[PDB]
There are 6 protein chains.
Amino acid sequence: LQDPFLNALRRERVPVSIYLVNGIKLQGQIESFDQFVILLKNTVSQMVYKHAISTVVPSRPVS
Amino acid sequence: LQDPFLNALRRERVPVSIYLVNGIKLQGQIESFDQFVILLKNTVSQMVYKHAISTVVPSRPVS
Amino acid sequence: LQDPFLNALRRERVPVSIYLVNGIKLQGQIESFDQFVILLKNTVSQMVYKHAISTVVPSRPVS
Amino acid sequence: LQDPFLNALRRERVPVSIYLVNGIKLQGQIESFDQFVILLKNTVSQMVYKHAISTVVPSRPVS
Amino acid sequence: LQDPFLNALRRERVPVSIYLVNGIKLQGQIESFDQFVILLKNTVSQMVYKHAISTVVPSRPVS
Amino acid sequence: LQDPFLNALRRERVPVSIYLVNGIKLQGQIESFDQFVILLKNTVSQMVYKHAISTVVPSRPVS
């Protein structure tokens, strides 16, 4: 489920919110990902560990 | 235990609360799931990592 | 150790407190369990992920 | 390292503090343990998941 | 994705922020890393466990 | 990276701070370690689970 969901966000360059396990919300666009991290682009590319992610939320409906 | 419990919620489209490991409560309907994530539908589909889930709670009894 | 401890609680239908890793306390009776989840019955059955459990505490001595 | 450290506490029945990953302190005596849980005896036996333990601290020096 | 991202930061000795799963921000330069830890240099070398990292953020764009 | 870093601290008996995933700071000297725990000596030996450690920080430069 992960790969198609993440690929749709990446491909359509949709703004997303990534909530971390502490409740902090990161925003930006999904640049790339593997089974361990997601690169999230805003002003810089920041590397997010999936193990610290609770939920990924598109800013608008994404098929 | 997971798959039958989650499938019943999905199949009956019952509103559920998903509590995360930080105490945040997400609400909506179970769209689909695998061994790593749950897609939770409200206004958008958001992807929840199971490793960040503490408990899934049906809004009403579900056989 | 887990299986006998949990089975005794289930079999004797003793009220228990399940503390989560965030400090939240859930209460009810152990309905069933596997190596990943515990079903905890109060008004509904809710599915608790063991990875988010810190401690399970019987309301009274349980052999 | 775990097994000898925990066995010494168990064998000598020394009061210990078990701090959880949320900062909550549990107290009592080590009843038994495996690679997944520790049974901690105070008034009841409560089952503590090792994955939710940060540190185990003897109330006094223990060889 | 991890190794090239981390190597670029290390090689260019760029100041970074490492956010932990509790929200605490550590700052300094990436000295070295393996699949388990990152050594982060400020006044001393401190060893950060990757399992406690949520995100690594460069202070400026880094190719 | 872990073993040489931890061994240097142990061998030189340097005071260290061990920060846990909840932000609590433990202090003392590294007595011993394996892939699962670190024994941290202050007045008593306390056993710290590595999975609950975010960072280990020497009180002074340590080669």
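Every read-out reported here was derived from the displayed coordinates using simple, explicitly stated rules and does not represent laboratory data. Heads up, the Cβs are rebuilt from the backbone with ideal geometry, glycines too, and the neighbour counts pull from every protein chain shown.
Please go through the stretch F:5-63 and write out the trypsin sites (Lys or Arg not before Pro) that DSSP classes as loop and that have at most 16 other C-beta atoms within 10 Å. Numbers along the way, then the final one.
Working: sites: F:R10, F:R11, F:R13, F:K25, F:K41, F:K50; in loops: F:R13.
Loop-located and lightly packed - F:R13.
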Normalised by the residues of chain B, what does the relative contact order come to in percent, with Cα pairs under 8 Å and at least six apart? 33
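Just to verify a number: FRET efficiency for F:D34 and C:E31, C-beta to C-beta distance, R0 = 41 Å, to 0.05? Please report the intermediate quantities before stating the final value.
Working: r = 38 Å, r/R0 = 0.92.
The calculated FRET efficiency here is 0.65.
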Return the calculated 222 nm mean residue ellipticity for the protein assembly as shown, to the nearest 500 deg cm²/dmol, obtained by summing -39500 (n - 2.57) across DSSP H runs with n ≥ 4 and dividing by the residue count. -5500 deg cm²/dmol
Residue farthest toward the positive end of the dipole of chain E, with Cβ of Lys/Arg at +1 and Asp/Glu at -1: which of E:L6, E:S54, E:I24? E:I24
With the cut-off at 1.5 for a/c, could you classify chain E from its C-alpha gyration tensor as rounded, prolate or oblate? rounded
Which ³J(HN,Hα) values, rounded to whole Hz and listed in residue order, are derived for the stretch D:7-22 from phi using the Karplus coefficients 6.51, -1.76 and 1.60 in 6.51 cos²θ - 1.76 cosθ + 1.60 with θ = phi - 60°, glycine and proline given as x? 5, 5, 4, 5, 4, 8, 6, 7, x, 10, 10, 10, 8, 8, 5, 8
For B:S17, what residues show an amide H to amide H distance below 5 Å, using hydrogens built from the backbone and excluding near sequence neighbours? B:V57, B:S59
Checking the cross-link filter: which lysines have an alpha carbon closer than 21 Å to that of E:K50, excluding same-chain neighbours under 8 positions apart? A:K25, A:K41, A:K50, B:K50, D:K50, E:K25, E:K41, F:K25, F:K50
With charges set only on the Cβ (+1 for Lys and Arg, -1 for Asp and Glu), what does the dipole of chain A come to about its Cα centre, in debye to the nearest 20? 160
Hz values of 3J(HN,Hα) by residue in the stretch C:26-37 - Karplus curve (6.51, -1.76, 1.60), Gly and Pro given as x: 9, 10, x, 10, 5, 8, 5, 6, 10, 7, 10, 10
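Suppose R0 equals 41 Å; then what is the FRET efficiency for B:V62 and E:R60 from their Cβ-Cβ distance, rounded to the nearest 0.05?
0.20
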Placed amide H near D:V62: partners under 5 Å, 5+ positions off or other chain: F:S45
